[PDB]
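Peer 1: This is the structure, below, for whatever I ask next.
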Amino acid sequence: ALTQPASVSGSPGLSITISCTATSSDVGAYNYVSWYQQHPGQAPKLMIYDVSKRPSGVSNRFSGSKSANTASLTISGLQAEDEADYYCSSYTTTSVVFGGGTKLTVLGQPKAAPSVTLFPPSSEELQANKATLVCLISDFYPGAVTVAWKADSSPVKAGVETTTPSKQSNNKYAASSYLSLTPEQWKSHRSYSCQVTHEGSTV
Amino acid sequence: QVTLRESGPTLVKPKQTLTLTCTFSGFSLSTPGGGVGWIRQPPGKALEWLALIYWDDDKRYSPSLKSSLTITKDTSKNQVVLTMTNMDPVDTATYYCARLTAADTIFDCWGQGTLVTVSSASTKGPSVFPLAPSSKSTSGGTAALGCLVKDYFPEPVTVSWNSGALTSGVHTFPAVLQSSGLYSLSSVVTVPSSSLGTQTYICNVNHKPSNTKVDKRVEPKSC
Amino acid sequence: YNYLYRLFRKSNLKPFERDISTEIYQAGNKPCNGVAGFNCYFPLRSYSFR
């Protein structure tokens, strides 16, 4: 098949390269090799096919070549809207391999703070015993948060852990808070305050 | 240009035969060197080729899977249909059908993606209950209101507050899998407290596998 | 210190090219003129022939 680097880092403005090795290359002469780009939540679009040439609609930032048997993707001028998974694909003797993945992490951005939003539950699900209070937070760069749902008691989460990257347009990692509030214990809970801890600024 | 849209039932019973189609428009399949294939993408994995058809009725399949993958062409109505048997709970992935223009351009134009999650569970009725933007959300900056659609096994479901207009604002974050084996979305809109009490807001749940579209709103409450 | 050699250059030198100009190297989202900036650096260096 085709092996690709797992994690690749790049400073904004510099250039990084990918490696599409042989790994028992039954591809033969390795004539054609196409690279794709798949952002989280969208469909993979072709960026460069036939590395000696480039398709229409792609800027000169994307370029590639193949010295001996390894295809490399030279991406110059990194920006915030470039963190996506790349895949090198060729034609084998009996199939069309797509290789592995390559995640690009462009560092050099200010650490954002997550805003807490505790939406009060409407008076429609409480009559049906479905207390599902939400403390949805988002807009943070690191991506490591730990909510501390507690009504002046031991902080517990009970399902808040979801591991959602959510690489939206602002390129900020989002979160998803969901509470397991007991429908019968809703009267005992005064307000069920919500506290979220962030990376670095744990307070 | 080339528009590759998919269709078919996303949720089905296990150990059956899928009927995932690929309606292509904007080109003719009879061009020399053309063809439409299929690519699988498991959640948290890489791409993998399954099948591919050509302009001369040639049906190429993956060497690993040849007893189930059966592709056919319907250029009379321009609808490529793919059929696969022996559905196991390992094939749950988002399928893509891309056009192969030539050998050098390997799958230039792709589709949009249709997740087929079929392991054990059937469809579940979604419970739509919007979160009322009370004084807590109003005084706390933006009074973000969000419908609490939950208790549904199929993952693909779209929501949009006041469909047609207000394209931005809605968060639309991925659902969370709790211990009940179901999903839940709480997409809130970023519309501030300027004018939200006298208007109407419906997130327009589009739980297509369940064939249910409940549009409802809420009023500001008092804690 | 009478021999200076270039160390930081954006692109590879083409066949038979003499870069007589000396402009401070560039960087990311910042217009470094090239006074004392750390992010930027002088293109030429200084050999220490001892």
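We name chains A, B, ... following the order of the structure tokens; residues begin at 1 in each chain, and ligands are numbered from 1 as shown.
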Mind listing as an MDAnalysis selection string which residues of chain A are within 12 Å of chain C, counting only C-alpha atoms?
Peer 2: chainID A and resid 10:15 76:80 107:109
Peer 1: Keeping only C-alpha atoms, write the selected residues to a file as a CSV table (one decimal), in the first residue's frame.
Peer 2:
chain,number,residue,atom,x,y,z
A,10,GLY,CA,4.2,23.7,10.0
A,11,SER,CA,4.7,27.4,10.9
A,12,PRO,CA,2.6,30.0,9.1
A,13,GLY,CA,4.7,31.2,6.1
A,14,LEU,CA,7.1,28.2,5.8
A,15,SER,CA,6.7,25.1,3.6
A,76,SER,CA,4.2,26.8,0.5
A,77,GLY,CA,2.6,29.7,2.2
A,78,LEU,CA,0.7,28.0,5.0
A,79,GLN,CA,-2.5,29.7,6.3
A,80,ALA,CA,-5.2,29.1,8.9
A,107,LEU,CA,0.6,26.3,15.2
A,108,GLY,CA,1.1,30.0,16.0
A,109,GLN,CA,-2.3,31.2,17.0
Peer 1: Can you tell me, as a list in words, what residues are no more than 9 Å from residue 140 in chain A when counting only C-alpha atoms, ignoring any on the same chain fewer than 6 positions away?
Peer 2: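 Residues meeting the cut-off are residues 111, 112, 113, 114, 115, 172, 173, 174, 175 and 198 of chain A.
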Peer 1: Residue 46 in chain A: which residues within 8 Å, counting only C-alpha atoms, same-chain residues fewer than 2 positions away excluded, as a list in words?
Peer 2: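 Near neighbours after the sequence-gap exclusion: residues 34, 35, 36, 37, 44, 48 and 49 of chain A; 107, 108 and 109 of chain B.
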Peer 1: Any idea what's packed within 10 Å of residue 123 in chain A, counting only C-alpha atoms, ignoring anything in its chain fewer than 6 positions away? Could you give it as a CSV table (one decimal) with C-alpha atoms, in the first residue's frame?
Peer 2:
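See result.csv below for the written result:
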chain,number,residue,atom,x,y,z
A,131,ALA,CA,-34.4,17.4,32.4
B,129,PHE,CA,-38.0,20.6,22.4
B,131,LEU,CA,-34.5,25.7,24.7
B,132,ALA,CA,-36.3,28.9,25.7
B,218,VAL,CA,-40.8,28.4,22.4
B,219,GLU,CA,-41.5,31.5,24.4
B,220,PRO,CA,-39.3,33.2,27.0
B,221,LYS,CA,-39.8,31.6,30.4
B,222,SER,CA,-39.1,32.8,34.0
B,223,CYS,CA,-36.8,30.8,36.3
Peer 1: Using the chain letters and numbers from this document, which residues of range 119-219 of chain B does DSSP assign to helix (DSSP H, G or I), as JSON, numbers by chain?
Peer 2: {"B": [135, 136, 137, 138, 139, 208, 209, 210]}
Peer 1: When DSSP is applied to the backbone of this structure, which of range 17-189 of chain B are assigned strand (DSSP E)? Write them out as a PyMOL selection string.
Peer 2: chain B and resi 20-25+37-41+48-53+59-61+70-72+80-83+93-96+114-116+150-152+183-184
Peer 1: Neighbouring residues of residue 39 in chain B were defined as those with any atom within 12 Å, considering only C-alpha atoms; residues of the same chain fewer than 5 positions away were excluded. Please report them as a ChimeraX atom specification.
Peer 2: /A:43-44,89,95-98 /B:46-52,61-62,82,91,93-100,106-107,110-114
Peer 1: Identify, on the basis of only C-alpha atoms, every residue whose closest approach to residue 167 in chain A does not exceed 10 Å; exclude the query and any residue fewer than 4 positions from it along the same chain; express the result as a list in words.
Peer 2: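 In the requested form, the answer reads residues 39, 40, 41, 81, 83, 84, 141, 171, 172, 173 and 174 of chain A; 173 of chain B.
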Peer 1: For CA of residue 3 in chain C and CA of residue 23 in chain C, quote the distance in Å rounded to one decimal.
Peer 2: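 Interatomic distance here is 17.6 Å.
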